[PDB]
Amino acid sequence: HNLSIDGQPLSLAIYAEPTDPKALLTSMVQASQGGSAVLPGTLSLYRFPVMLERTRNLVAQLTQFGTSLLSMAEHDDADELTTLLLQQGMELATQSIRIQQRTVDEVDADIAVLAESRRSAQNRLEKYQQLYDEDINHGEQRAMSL
Amino acid sequence: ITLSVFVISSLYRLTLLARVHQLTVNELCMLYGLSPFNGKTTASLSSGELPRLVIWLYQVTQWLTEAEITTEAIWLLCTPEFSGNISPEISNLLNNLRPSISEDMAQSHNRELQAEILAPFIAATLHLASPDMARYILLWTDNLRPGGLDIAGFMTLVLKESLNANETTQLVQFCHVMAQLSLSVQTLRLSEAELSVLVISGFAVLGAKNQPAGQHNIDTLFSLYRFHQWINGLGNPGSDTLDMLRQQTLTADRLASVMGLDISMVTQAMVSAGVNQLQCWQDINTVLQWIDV
Amino acid sequence: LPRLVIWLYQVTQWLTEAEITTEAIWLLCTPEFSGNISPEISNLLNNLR
Amino acid sequence: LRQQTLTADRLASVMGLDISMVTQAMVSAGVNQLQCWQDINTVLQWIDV
Amino acid sequence: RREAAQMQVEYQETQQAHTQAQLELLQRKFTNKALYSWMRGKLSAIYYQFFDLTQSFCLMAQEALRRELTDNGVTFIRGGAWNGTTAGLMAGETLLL
Amino acid sequence: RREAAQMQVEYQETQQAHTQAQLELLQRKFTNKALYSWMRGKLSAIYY
Amino acid sequence: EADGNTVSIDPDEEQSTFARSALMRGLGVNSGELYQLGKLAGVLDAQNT
């Protein structure tokens, strides 16, 4: 099977890395819209100038109504955008809290690594202290006396 | 219950079906009630029906996770169960609507004109974008006839001096279904043009697999979501393609050119799928799935 | 043939530099048209009449 | 709740709980009708434990 | 260092609570979504009725002008003042013109 | 540390989906580009 | 190439040819793209061969 004596493979594999992320887009969709129709009109009792004045006042008030409607729609839309932003901020805040918790766990793992390092150092210290205190052992002393 | 392998295996199968899709037993019960398998006990499911249920659960849970819709949210969107008590929102709607409405308008025969009249108050009470969107929601609810009420019946019930004995049930059911449809549209972020085309066509543009078109269930909701995604992906010619689909002039060459596909691939996809004319979103979806595989 | 290769290089380099996709530039310059009175045309005519 | 029509089934359906759990909580707490926030709170605490 | 990391966690938690408070204040605002929605629903219904009344006035004034000039062929209110492309806006400007 | 990096990737993807939702809401807005364009076109003709 | 015979590159052909498959794999295209290349190059013959 073309492995080394200890089982390490002798071929480097490949994976053909997945082809990039995907971009998603949105677009405005417009539909056919009609207009109003007109009906035959009634004959008033007043002459043209007086009816012209009354109609002009009514149309001016209608224009005021339209302006108010547009302003109110704009303010409502701005508030909706703000609310969406705040909800998205909530979701991101939850994910950020999770990430910071994992950072705390990483620091704990580093502390554990340091604990293992100190265990090794302390074992070295006890070995060398035992060697140093014993100094010359009985065999070496016997040979020197011989 | 009788303690045997079969019964214990049925219960364990239900628990597995919840666990593998990350649902609690309550969520599984809700999704089963919404599924086209409700009214059928899982132990009394055929050997070919069970994989259909498993695949339906997988696809629905995947769609909900992808679109960021909770199971509770979809249950609220699609459940037929209603409180049965008149709510403060409906009370404010009725109190605001009564002065601005008349019995002649209620008994008139133009459902379009009645929807135009009722649109602003429905939009106000449902927090909808525009009275046009509210009008199309009203027309869809009129097509559904939730409690047996139409727009004229709803108007007549509004025109009553608190003369609501048990018609309160019909009124609240109509209002609940209307709010459910509006919430589904808002969740899907469906555009007013798409809603207008679909409602005017009676959901024949959307289509339905072996079902009557236009029903409000989770399957038609998923189809609407996919159709909206395709329309969004079409780009600038999206409106013209939607108009051609509202008409019956959408052709394979036009679809291929719009979507950027190869005409030979699209033609072979239609021939393999067995669809000869791109009449509806069902046919378009089938062709696109064949192209996908 | 070298003229075609040079033109192709010029156009692709320009599209990359100016950030215009090939689909977008084909939509900009193609003579092919849908052939249907789209809703935008319908609204324009109804507002213009 | 402002009226006196709030029932155990409606409370369970609204809060997402199980109807058996809510009924058992009411029986254990000794409250028979969800008349006020005190009763609702007691039932919810029994469900919590 | 571990203490610093834990206090960073608490900082994130405080930020999340702050966003909650902002959302709740936005919802308890006086000029909130419900107020704006009801206001524009009322104004839309009022505008719809007022356009009908105003167009009736315009038509009867046009009839007065036709009578004055003895020319029944003049037409000025051509319809389409209330167009769907703008949700009924600019009807007043059209009628003023 | 690798787990933390992967959740950072998911954070970026969530941010991208958030900007997509913002753009879609802007386009489904009532006072959107099409509404403003038609309103000022009509008003410009009327003004002329 | 020591073939000299005619192979049909029509995508709509039942029971395709080994020569067509090998040409497609060598060029790194599918049947539709091979048909596009044949049309663009004008090497096409009668019966789309």
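Everything that follows concerns the structure shown earlier in this document.
Okay, so let's go over this structure. (Residues numbered from 1 in each chain as written, not as in the entry; some residues may be left out. Chains lettered and ligands numbered in written order. Part of a larger assembly, values for the part shown. Heavy atoms only, no water.)

## Some points on the overall build of chain F
Here's step 1: Tallying secondary structure elements over chain F gives 2 helices and 0 strands in all.
Here's step 2: Across its three principal directions, the C-alpha atoms of chain F cover 65 × 15 × 5 Å.
Here's step 3: By residue count, 33% of the 48 residues in chain F fall in the buried class.
Here's step 4: With the model as given, the accessible surface of chain F reaches about 3,400 Å², and the carbon-plus-sulfur share is 55%.
Here's step 5: Separation between the mean location of the 7 positive side-chain charges and that of the 4 negative ones in chain F comes to 20 Å. (Helix = DSSP H or I, 4+ residues; strand = E, 2+ residues; numbered from the N terminus. Buried < 20%, exposed > 50% of the residue type's maximum accessible area, 1.4 Å probe, protein only. Areas by Shrake-Rupley, 256 points an atom, 1.4 Å probe, with all protein chains shown as cover. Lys, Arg positive; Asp, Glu negative; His and termini not counted. Charge placed at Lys NZ, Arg CZ, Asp CG, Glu CD.)

## Notes on the overall build of chain D
Here's step 1: Helices and strands together make up the secondary structure of chain D, namely 3 helices and 0 strands.
Here's step 2: Order of helices (α) and strands (β) in chain D, N terminus to C terminus: α-α-α.
Here's step 3: With respect to the three principal axes, the spread of C-alpha positions in chain D is 30 × 20 × 15 Å.
Here's step 4: Out of the 49 residues belonging to chain D, those deemed buried represent 27%.
Here's step 5: Taking the intrachain contacts of chain D between residues at least 6 apart in sequence as the baseline, contacts between residues at least 24 apart amount to 40%.
Here's step 6: With an accessible surface of roughly 3,400 Å², chain D has 51% of that area assigned to carbon and sulfur atoms. (Contact = heavy atoms within 4.5 Å.)

## Some points on the environment of D:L17
Here's step 1: You can see D:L17 is positioned in the loop between helix 1 (8–15) and helix 2 (19–29).
Here's step 2: For the pair formed by D:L17 and D:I47, sequence separation is 30 residues and the distance between their alpha carbons is 9.0 Å.

## Regarding the nonpolar core
Here's step 1: Ranked by internal contacts, the top residues of the largest apolar core, which has 98 residues, are B:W63, B:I74, B:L118, B:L195, B:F227, B:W230 and B:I284.
Here's step 2: Counting residues in each nonpolar core, the second largest holds 22 residues, with A:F65, A:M72, E:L43 and E:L95 among its members. (Core = buried A, V, L, I, M, F, W, Y, C linked by side-chain atoms within 4.5 Å.)

## What to know about the pattern of salt bridges
Here's step 1: In total, this model carries 17 salt bridges over all chains according to the counting rule given.
Here's step 2: For A:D105, the salt bridge goes to A:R102, with nearest N and O atoms at 2.8 Å. Of the two residues, A:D105 and A:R102 both sit in helix 1 (residues 48–134), 3 residues apart, roughly one turn of that helix.
Here's step 3: Of the residues examined, A:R102 reaches a relative accessible area of 30% and is grouped as partly exposed.
Here's step 4: One salt bridge connects B:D142 with B:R111, and the closest N-O pair in it is separated by 2.4 Å. With B:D142 in helix 8 (residues 131–144) and B:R111 in helix 7 (residues 111–126), the pair connects residues that are 31 residues apart, well separated along the chain.
Here's step 5: Classification of B:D142 by relative accessible area gives buried; the value is 11%. (Salt bridge = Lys/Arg side-chain N within 4 Å of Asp/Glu carboxyl O.)

## Concerning empty space enclosed by the protein
Residue and element names in this part refer to chain B.
Here's step 1: Inspection of every chain in the model, using the stated rule, returns 1 cavity of 30 Å³ or more.
Here's step 2: Taken as a whole, the largest cavity encloses approximately 100 Å³ of empty space.
Here's step 3: Lining the largest cavity are 16 residues, and of these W140, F203, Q215, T220 and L224 lie nearest its centre.
Here's step 4: If you list the elements that add at least two residues to the lining of the largest cavity, you get helix 10 (167–188) and helix 12 (218–234).
Here's step 5: Each residue belonging to the lining of the largest cavity can be placed in one class, and the counts come to 9 nonpolar, 7 polar and no charged. (1 Å grid on protein atoms, 1.4 Å probe; cavity = no way out; pocket = protein on both sides within 12 Å on 5 of 7 lines; lining within 4 Å. Points joined across faces, edges and corners; volume = space filled by probe spheres on them. Nonpolar A, V, L, I, M, F, W, Y, C, P; charged D, E, K, R; others polar.)

## Some thoughts on the interface of chain A and chain E
Here's step 1: Across the contact, 47 residues belong to chain A and 54 residues belong to chain E.
Here's step 2: When chain A packs against chain E, close to 4,700 Å² is buried across both sides, 72% of that on carbon and sulfur atoms.
Here's step 3: Across the contact surface, chain A and chain E share 5 salt bridges.
Here's step 4: In this structure, E:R40 and A:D76 form a salt bridge, with 2.7 Å as the shortest nitrogen-oxygen distance.
Here's step 5: Remark: the boundary between chain A and chain E carries 10 residue pairs in polar contact. (Buried area = accessible area lost by both parts, 1.4 Å probe. Polar contact = N/O pair within 3.5 Å; in protein donor to acceptor, adjacent residues only side chain to side chain.)

## A few points about a nonpolar patch on the surface
All names here are of chain C.
Here's step 1: Nonpolar side chains collect at one region of the surface, where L1, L4, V5, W7 and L8 lie side by side and expose about 580 Å² of accessible area between them.
Here's step 2: Residue placement: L8 occurs in helix 1 (residues 2–18).
Here's step 3: Classification of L8 by relative accessible area gives partly exposed; the value is 46%. (Patch = residues over 30% accessible without salt bridge, like charges linked within 9 Å, V, L, I, M, F, W, Y side chains within 5 Å.)

## Focus: the arrangement of the chains
Here's step 1: No other pair of the 12 pairs of chains in contact has as many contacts as chains A and E.
Here's step 2: Where chain C comes nearest to chain G, the C-alpha atoms are still 12 Å apart, and the two do not contact one another.

## Quick notes on the environment of B:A115
Here's step 1: Within the element layout of this structure, B:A115 appears in helix 7.
Here's step 2: Look past the residues within four positions of B:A115 in its chain and what remains in contact with it is B:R135, B:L138, B:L139 and B:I151.

## Remarks on helix 3 (residues 39–48) of chain C
Here's step 1: Taken together, the buried positions of helix 3 of chain C are C:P39, C:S42 and C:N43. Taken around the axis of helix 3 of chain C, the buried residues stretch over an arc of 95 degrees, which confines them to a single face. Structural note: helix 3 of chain C exposes C:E40 and C:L48 on the side pointing more than 90 degrees away from its buried face.
Here's step 2: On its buried face, helix 3 of chain C sits against helix 13 (238–246) of chain B together with helix 2 (33–47) of chain F. (Arc of directions from axis to C-beta.)

## Considerations on the packing of aromatic side chains
Here's step 1: All chains considered together, the criterion is met by 11 aromatic pairs over all chains.
Here's step 2: Seen from their ring centres, A:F65 and E:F50 are 5.1 Å apart, and the 85 degrees between their planes marks the pair as edge-to-face. Here E:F50 lies in helix 2 (residues 33–69) and A:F65 lies in helix 1, a pairing that spans two chains.
Here's step 3: Ring centres of B:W140 and B:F203 lie 4.7 Å apart, and the angle between their planes is 45 degrees; on these two criteria the pair is classed as tilted. Of this pair, B:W140 sits in helix 8 while B:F203 sits in the loop between helix 11 (192–201) and helix 12, placing them 63 residues apart in sequence.
Here's step 4: An aromatic cluster is built from E:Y47, E:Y48, E:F51 and E:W82, whose rings are joined through pairwise contacts.
Here's step 5: Between the NZ or CZ atom of B:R135 and the centre of the ring of B:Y136, over which it lies, the distance is 5.4 Å. (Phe/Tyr/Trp six-rings, centres within 6.5 Å; stacked < 30°, edge-to-face > 60°. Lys NZ or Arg CZ within 6 Å of the ring centre and 35° of its normal.)

## Concerning the layout of surface pockets
Here's step 1: In this structure, the second largest pocket spans a volume of roughly 1,100 Å³.
Here's step 2: Lining the second largest pocket are 36 residues, with E:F76, E:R78, E:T94, E:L95 and E:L97 sitting closest to its centre.
Here's step 3: Secondary structure elements with two or more residues in the lining of the second largest pocket: helix 1 of chain A, helix 3 of chain C, helix 2 and helix 3 (91–96) of chain E together with helix 2 of chain F.
Here's step 4: Here the lining of the second largest pocket is built from residues that sort into 19 nonpolar, 13 polar and 4 charged.

## Some remarks on the side chain of B:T141
Residue and element names in this part refer to chain B.
Here's step 1: Within the secondary structure, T141 sits in helix 8.
Here's step 2: A residue is classified by how much of its surface remains accessible, and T141, at 0% relative accessible area, is buried.
Here's step 3: Contacts of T141, omitting those with residues within four sequence positions, involve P146, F174, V177, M178 and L181.

Nothing here speaks to function; it is geometry throughout.
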